[PDB]
Amino acid sequence: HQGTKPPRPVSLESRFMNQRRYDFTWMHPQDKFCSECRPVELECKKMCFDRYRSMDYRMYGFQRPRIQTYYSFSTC
Amino acid sequence: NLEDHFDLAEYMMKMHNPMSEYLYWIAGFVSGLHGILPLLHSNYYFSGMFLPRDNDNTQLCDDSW
Amino acid sequence: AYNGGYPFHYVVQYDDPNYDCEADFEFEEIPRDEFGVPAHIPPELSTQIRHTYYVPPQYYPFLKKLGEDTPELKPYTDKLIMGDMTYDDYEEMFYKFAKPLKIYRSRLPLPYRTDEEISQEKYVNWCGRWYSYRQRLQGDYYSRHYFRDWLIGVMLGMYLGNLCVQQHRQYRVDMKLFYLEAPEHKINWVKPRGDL
Amino acid sequence: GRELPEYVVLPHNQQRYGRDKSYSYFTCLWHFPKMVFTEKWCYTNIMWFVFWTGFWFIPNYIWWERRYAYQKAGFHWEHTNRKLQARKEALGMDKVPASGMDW
Amino acid sequence: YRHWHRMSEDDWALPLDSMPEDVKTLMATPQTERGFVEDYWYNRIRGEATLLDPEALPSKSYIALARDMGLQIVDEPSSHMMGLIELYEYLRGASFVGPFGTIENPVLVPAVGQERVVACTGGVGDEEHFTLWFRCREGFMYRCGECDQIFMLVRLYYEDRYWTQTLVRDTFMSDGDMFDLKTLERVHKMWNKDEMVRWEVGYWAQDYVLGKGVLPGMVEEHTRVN
Amino acid sequence: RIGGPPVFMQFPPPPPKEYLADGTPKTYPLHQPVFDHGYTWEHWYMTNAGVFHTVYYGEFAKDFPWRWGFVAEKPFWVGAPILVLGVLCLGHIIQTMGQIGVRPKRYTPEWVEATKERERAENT
Amino acid sequence: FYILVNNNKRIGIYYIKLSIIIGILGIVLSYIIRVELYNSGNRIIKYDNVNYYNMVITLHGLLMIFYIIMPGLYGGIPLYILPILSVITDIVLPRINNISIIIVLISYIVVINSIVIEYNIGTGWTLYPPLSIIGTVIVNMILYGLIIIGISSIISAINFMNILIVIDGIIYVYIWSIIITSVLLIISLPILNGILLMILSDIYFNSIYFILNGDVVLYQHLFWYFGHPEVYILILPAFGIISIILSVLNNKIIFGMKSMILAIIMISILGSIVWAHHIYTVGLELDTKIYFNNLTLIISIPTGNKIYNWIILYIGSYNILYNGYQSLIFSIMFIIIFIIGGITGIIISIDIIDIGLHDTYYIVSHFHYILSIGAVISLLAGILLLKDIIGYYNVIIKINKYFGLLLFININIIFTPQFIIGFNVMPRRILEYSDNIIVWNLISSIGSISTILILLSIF
Amino acid sequence: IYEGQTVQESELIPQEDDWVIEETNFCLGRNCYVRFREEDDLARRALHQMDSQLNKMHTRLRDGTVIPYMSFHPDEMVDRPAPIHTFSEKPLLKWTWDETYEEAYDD
Ligand SMILES: CCCCCCCCCCCCCCCCCC(=O)OC[C@H](COP(=O)([O-])OCC(O)COP(=O)([O-])OC[C@@H](COC(=O)CCCCCCCCCCCCCCCCC)OC(=O)CCCCCCCCCCCCCCCCC)OC(=O)CCCCCCCCCCCCCCCCC
Ligand code: HEA
Ligand code: HEA
Ligand SMILES: [O-][O-]
Ligand SMILES: [Cu+2]
Ligand SMILES: [K+]
Ligand SMILES: [Zn+2]
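Taken in sequence, the protein lines are chains 4E, 4S, 4I, 4R, 4X, 4V, 4Q and 4Y.
Take the first sequence: its position 65, counted from the start at 1, is 142 in PDB author numbering, and no numbers get skipped.
Take the second sequence: its position 1, counted from the start at 1, is 2 in PDB author numbering, and no numbers get skipped.
Take the third sequence: its position 47, counted from the start at 1, is 88 in PDB author numbering, and no numbers get skipped.
Take the fourth sequence: its position 65, counted from the start at 1, is 81 in PDB author numbering, and no numbers get skipped.
Take the fifth sequence: its position 161, counted from the start at 1, is 193 in PDB author numbering, and no numbers get skipped.
Take the sixth sequence: its position 45, counted from the start at 1, is 37 in PDB author numbering, and no numbers get skipped.
Take the seventh sequence: its position 316, counted from the start at 1, is 720 in PDB author numbering, and no numbers get skipped.
Take the eighth sequence: its position 33, counted from the start at 1, is 56 in PDB author numbering, and no numbers get skipped.
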């Protein structure tokens, strides 16, 4: 079920939604990877890792299609 | 042993080295400085003076000194 | 009635003389209990079976001598001779003949006291009783005096409190006359200053 | 089992210790600094503490200063990016292979 | 006692590998010169030698039988000491409650040292008062300042030593006739024959008297791997 | 319990006494000074020594420095009142040293009158 | 050794020693505050450095509460006499006792280091959000200190509770006082930790509990659910000491021992359910306000019973015994002073009176009379009673009538005027004020400098 | 509440007409700071301190019994200053009851 979780509507940014006082850096106090992305926001991190790779900095993850990997639980 | 009967035997028997007392007082003195030194440093950092002159943030008479 | 009936310490027997429960990893040897009951016979059944101690017959004359010298011990020795003594019977015999250790006060050395001092024991007891009599009476006397005094404090605290009641009373009278008669009360007087 | 005498006569005849001399309120103001600068056991313990605390402070200090200067220059990826633009300028190529990869 | 933890295996019996290997000297050592392990195995070897000889038991007196098993015949001196020892041990983890103390019968306060802290709570009911703590030093008949309860310190002291079960046994028990090794051998052959050992302690003990490794299977019994 | 921490053990004898080469007993440091001053008063106080006893505790002037010997010699109600005023006066003096000659303009007569005008207008 | 020692009596001495050291920093901060408040203007803090004053008042409060009085009355005297009162050889948990004092020292070093290195800003000792969560890193450091202190407090509470399992005598009133404080800590600390973690989450983990649609009043509930139990965790050990001193020095058995014990238990239960009297002005519902006001006034009943039981202890005592000992004077002074603090507490308990007196110096004087005067004097009196047992010397305190008189007079000069300015009114946590409040502020300031001078005469 | 021990009139009857209340001083004596000799070393100053304990003192009555230094709490029972190890032998709190058993007596 989690491997094929249905897409959900993009959240409208309501009155008290997505409030930020400072960037997200508690996971990487010194490196400060993906300061704009949230700790487990996988799609934001993927695009952020792509920027770093385009800047000659290697990052791990978000490159193999799900159906071409083992244990994905997303194969037909 | 008789020397080990009392806790802190040297101090209780009045033979301890005075340096122990001096260190205790020095430690307290250093603790006190943690309230005064940052006061002076912060005053200078934001004003340029280590300590103010009484009522120098208000309008003063011409002859005030 | 302790530890669920499991004895903290118990004897186990093994048929093979060279068997070691820690070195060997075979799966055919069956351990026995102290009476020799194989482990595959459950406790509920084996505990019902009656087990009695069998001593070699050469001991019968000794067990007979014990009974005669101590007649209270004879019934237990007879059971042992006749092979009718269970573990419970042995326990009853064991605890029946256990006696407590005795302390003799006559053997205790005494703190030193002269014969002159020993003759004054009644006098000192007499003084102690009079001290307890005087103590008990004084308790009643003091309780009456001081708890009565506390009333003076109540009355002093009621007088001083009443002074503020009177001030408050006059205050309320004055307040009622402010908006009614006081020239200090002014209306159509304060004008807005306006923004600076 | 050890055998000891009731008393021992010392070789020297110096009465080094005894009752305190009468002291005033501010006696400590001169006695304490005197001990620090004149008693060996005191100033050898101070120098030992200062020397070794500073000794291990240096390697940490050097490492952090280099790290701090680096962090102010930019993020890790901003550094690798500057070396990538330089390599693109050296070759005159708009797009170059990523580091560790061939054309 | 309630304050003691669970019996050990050793509290019941000792392993035969703790038997002294010089049995000949062990059976000749005076009781005052035997240590705890040596005294355990002296009594067990000698006691089981007499118990495993049925034909001689009926003719043996209780005085002699008790000596062989290592049991001390009781007397008023030893009973007093043992009793005060057990009373001291009980008070280690138990409350101290008893009759009101008077000059004729002071409260007995056992101690090893020369002093023990004691509290007087007075009498029963309304005669009970708040705890009044005092230091009970030896040689003084103490009187509570409040209820006049008399106290006294009892010291478990004997000849530069305190009172222990070992001390009581050494001071009052007297060594009897020296143990005869012929009895050990005679009983050994009685219960141990043709590869059957019905006196394991006497098979090991006889082996040591023979010099260790002499009896069948004993070399294999003494060969260990770690 | 055999071989456990003993309930009681006797103190071993103290180490041998030390004499100087001339035979004078060797003295060791002692923080019980004999202060030098002219005061010799001796104050005694009945003290609780438990429930049924007391002890007559004495304080000797020579056991204290000069400052305490001087103060403790006088009657309490002679010294106490003077000391109370003195400490208060000193506190005010200390707090006045940093404001010598400071003349804020809001305490001048002109500003004092202007506040009175404001109070009249606002009926404060 | 020094740091390795596990002796419970040595550790008790360490707690008192550290409380005095940290106390020097506490008193210095208090002198800064009173100096500043001597007149209107800037005196020792620049107008551009007003953030320092906010930090001074914040650290003063935190240090005196958690690093001085609590380590002194719940760590110092308790660790030294409790195992003796329980006729037990030593404390149940030896190794835990050692680490507790080390933890306190390490958290103190973190706090003072944060003064030196971090920017100096303040948010009160009550760390109300959102102000606490929009500050600089010094707030993060202070949070670490509190959490670390919480660890030491809870493990010490566990240590004292285990005495019930080993006590070989009678549970005296003092032992009951510590046990109940330990219970109050075991039940209140876990709630504090949770709310502190939420402050951290908003400071350091981008949480949103204290931004709109999240109720900031939530923090005040959880904080004060620990806050008020804390004020009784700080006073109950003092009550236990007062009972011992009065009974011993007057040679009189405690009267109503069971009522004393049951009064302490009652205060604890009630103190665990009255916290919102600190939140009267937020705008709570009428029925909530009435509940809390009603239960707050009930606490006076058990507290009153203890006071009167103490009075009869001193009444009737023998005249021949000298009554000028400093310990006896301090114990008596506690009754006289605590009644003042408690009565003013009942006044502020009425919420309508509280509207006028919230966040004013009347509240300051109220809790100073109980803590800065009552608790301090109780700790001094307890240490003084144990002077022979502890064995310290080189001070002139045991019989010093001048010190007691000067302290009592001058301490009242500081805080009695703070009750007056509460109806003037002078807000709390401010440094500048209107010129018409100088007189009373000046009088209190003269009192502060004088008290400090009297602290030098003991040596 | 505690009001002292109960007294029967028979116990207040003297054996002589001159009996009065014994006038024994319960003030232990005059004391001050324990004064150590300079000559004494650390071990011998420890012995000196142990010999100046007020809680080891008592008052001997006319019949030879002594009323000891007593305290409401055991805090006053340890040596002053407190030694490292205080209550090696467990202090005994004596409770009183009327129960008895035959083994304790002999006829
Ligand atoms: C509130 C206040 C008022 C209160 C009034 C009321 C009081 C009522 C009574 C209360 C009583 C409580 C109970 C008391 C029980 C006492 C028991 C006792 O005595 O125990 C024995 C115990 C130890 O005795 P012992 O058994 O002989 O111990 C032997 C040693 O173990 C072994 O001996 P050793 O010689 O081998 O020792 C080792 C020694 C070896 O020592 C040496 O070698 C010393 C050498 C000399 C050094 C001297 C200091 C130098 C400083 C230089 C500074 C330079 C600054 C330059 C600035 C330049 C600027 C331009 O030390 C060390 O190696 C380590 C020392 C560490 C501690 C000292 C730390 C100092 C401060 C450090 C600050 C650092 C800040 C860093 C910040 C960094 C930021 C990046 O006694 C003590 O420790 C002394 C206690 C003395 C006071 C007792 C209480 C008396 C009564 C109260 C008086 C009033 C006090 C008021 C508070 C103080 C005010 C200031
Ligand atoms: C140990 C310290 C301590 C103690 C014991 C108390 C005790 C009490 N406190 Fe507390 N209090 C504080 C420390 C303490 N307090 C602190 C530090 C603050 C401020 C924290 C902050 O805001 O930052 C505070 C704040 C505080 C407020 C907040 C006011 C405001 O925020 O505006 C209130 C009001 O309810 C209050 C009430 C009480 C009451 C009702 C008691 C009762 O316990 C008093 C009980 C005692 C008596 C009543 C006197 C003795 C009893 C009698 C003589 C019997 C006869 C009396 C009657 C019948 C009434 N306290
Ligand atoms: C128990 C804690 C404690 C103690 C002792 C004190 C003591 C003192 N405090 Fe207190 N104070 C607080 C806790 C305490 N304070 C708290 C919690 C606040 C509110 C914080 C906030 O607003 O955020 C506060 C606020 C506070 C303010 C308000 C500043 C403001 O917010 O605007 C002021 C000044 O007016 C002040 C002054 C003083 C003075 C002059 C003393 C004393 O100096 C008076 C003189 C007494 C002594 C100098 C003796 C003290 C000695 C010891 C404490 C050591 C004892 C150790 C042993 C006995 C071993 N305090
Ligand atoms: O807080 O009361
Ligand atoms: Cu409150
Ligand atoms: K100001
Ligand atoms: Zn009695």
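All residues carry an ideal CB built from backbone N, CA and C; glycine is no exception.
Bounding residues of the beta strand (DSSP E) (the contiguous stretch that carries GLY249 (chain 4X)): Where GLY249 (chain 4X) is concerned, there is no enclosing beta strand (DSSP E), given that its DSSP letter is neither H nor E.
Chain 4E residues whose Cβ lies nearer than 7 Å to that of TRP93 (chain 4R): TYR129, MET132, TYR134
Any non-hydrogen atom of ligand 7 within 8 Å of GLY78 (chain 4V) CB: no
CB contact below 9 Å: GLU11 (chain 4S) versus chain 4Y: Yes, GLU11 (chain 4S) counts as interfacial toward chain 4Y.
Per-residue burial, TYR99 (chain 4E) [other beta carbons within 10 Å of its own, 16 or more giving buried]: exposed
Contacts that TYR49 (chain 4V) makes with chain 4Y (C-beta to C-beta distance below 7 Å): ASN54, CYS55
Rounded C-alpha distance that separates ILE571 (chain 4Q) from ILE74 (chain 4V): 52 Å
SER444 (chain 4Q) CB to nearest heavy atom of ligand 6 below 8 Å: yes
Proximal residues to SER592 (chain 4Q) (C-beta, below 6 Å), its chain only, five neighbours per side dropped: Within its own chain, the residues whose Cβ lies closer than 6 Å to the Cβ of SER592 (chain 4Q), once the five positions on either side in sequence are excluded, are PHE630, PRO633, listed in chain order.
Test: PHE204 (chain 4X) CB closer than 9 Å to a CB of chain 4V: no
Straight-line Cα distance separating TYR41 (chain 4R) from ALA64 (chain 4V): 16 Å
Under the three-state DSSP convention, the category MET73 (chain 4Y) falls into: helix
Where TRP165 (chain 4X) meets chain 4Y, residues with beta-carbon distance less than 8 Å: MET93, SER94, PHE95, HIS96, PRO97, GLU99, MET100, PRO114
Continuous beta strand (DSSP E) stretch holding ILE648 (chain 4Q): start and end: Note, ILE648 (chain 4Q): premise wrong, no beta strand (DSSP E); alpha helix (DSSP H) at 621 to 654.
Beta-carbon gap between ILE505 (chain 4Q) and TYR419 (chain 4Q) smaller than 9 Å: yes
Reference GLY479 (chain 4Q); option with closest CA among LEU441 (chain 4Q), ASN412 (chain 4Q), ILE537 (chain 4Q): For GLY479 (chain 4Q), the nearest C-alpha among the options comes from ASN412 (chain 4Q).
Min CB distance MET51 (chain 4R) to chain 4S below 9 Å: yes
Under 9 Å between C-beta atoms of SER560 (chain 4Q) and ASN501 (chain 4Q): A contact, by the Cβ cut-off of 9 Å.
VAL635 (chain 4Q) versus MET565 (chain 4Q) - alpha carbon distance: 20 Å
Same chain, Cβ closer than 8 Å to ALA126 (chain 4X), five either side skipped, listed in chain order: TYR33, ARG34, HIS35
Euclidean distance between Cα positions of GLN161 (chain 4I) and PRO37 (chain 4Y): Our two residues, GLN161 (chain 4I) and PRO37 (chain 4Y), have alpha carbons roughly 12 Å apart in a direct line.
CB contact check: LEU107 (chain 4R) to chain 4E, cutoff 9 Å: no
The region 773 to 793 of chain 4Q: positions lying closer than 8 Å to chain 4Y by Cβ: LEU790, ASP792, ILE793
Interface flag, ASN97 (chain 4R) vs chain 4E, CB-CB below 9 Å: The beta carbon of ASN97 (chain 4R) sits closer than 9 Å to some beta carbon of chain 4E.
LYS450 (chain 4Q) at chain 4V interface by Cβ criterion, 9 Å: Chain 4V, which has no Cβ nearer than 9 Å to the Cβ of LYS450 (chain 4Q), makes this no.
Unbroken alpha helix (DSSP H) run spanning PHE734 (chain 4Q), endpoints: Start and end: 730 to 753.
Proximal residues of chain 4Y, C-beta to C-beta of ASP572 (chain 4Q) below 8 Å: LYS113, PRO114, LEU116
Chain 4V contact for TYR797 (chain 4Q) (CB, 9 Å cutoff): Yes, because at least one Cβ of chain 4V sits closer than 9 Å to the Cβ of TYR797 (chain 4Q).
Classification of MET124 (chain 4E) by the beta-carbon crowding that lies within 10 angstroms, buried from 16 upward: With fewer than 16 other Cβ atoms within 10 Å, it is exposed.
Residues bridged to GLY130 (chain 4X) (per DSSP): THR119 (chain 4Y)
Minimum Cβ-Cβ distance from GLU225 (chain 4I) to chain 4V less than 9 Å: With 9 Å as the cut-off, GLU225 (chain 4I) counts as an interface residue toward chain 4V.
Nearest-angstrom beta carbon gap, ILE801 (chain 4Q) and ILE862 (chain 4Q) [assumed within contact, 8 Å]: 5 Å
Pick from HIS762 (chain 4Q), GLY476 (chain 4Q), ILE428 (chain 4Q), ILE754 (chain 4Q) that is closest to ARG832 (chain 4Q), judged by C-alpha positions: Minimum Cα distance to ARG832 (chain 4Q) is reached at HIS762 (chain 4Q).
Members of the region 466 to 489 of chain 4Q that neighbour chain 4Y once the beta carbon cut-off is set at 9 Å: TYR484, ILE485, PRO487, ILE488, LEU489
Cβ pair count under 8 Å reaching 3, the region 68 to 87 of chain 4X against the region 224 to 241 of chain 4X: When Cβ pairs closer than 8 Å are counted between the two stretches, the region 68 to 87 of chain 4X is seen to touch the region 224 to 241 of chain 4X, the count reaching three or more.
Contact set between the region 81 to 102 of chain 4V and chain 4S, restricted to residues whose Cβ is under 8 Å from the partner: For chain 4S, the residues of the region 81 to 102 of chain 4V that bring a beta carbon within less than 8 Å of one of its beta carbons are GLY90, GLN91, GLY93, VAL94, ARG95, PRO96, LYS97, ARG98, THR100, in chain order.
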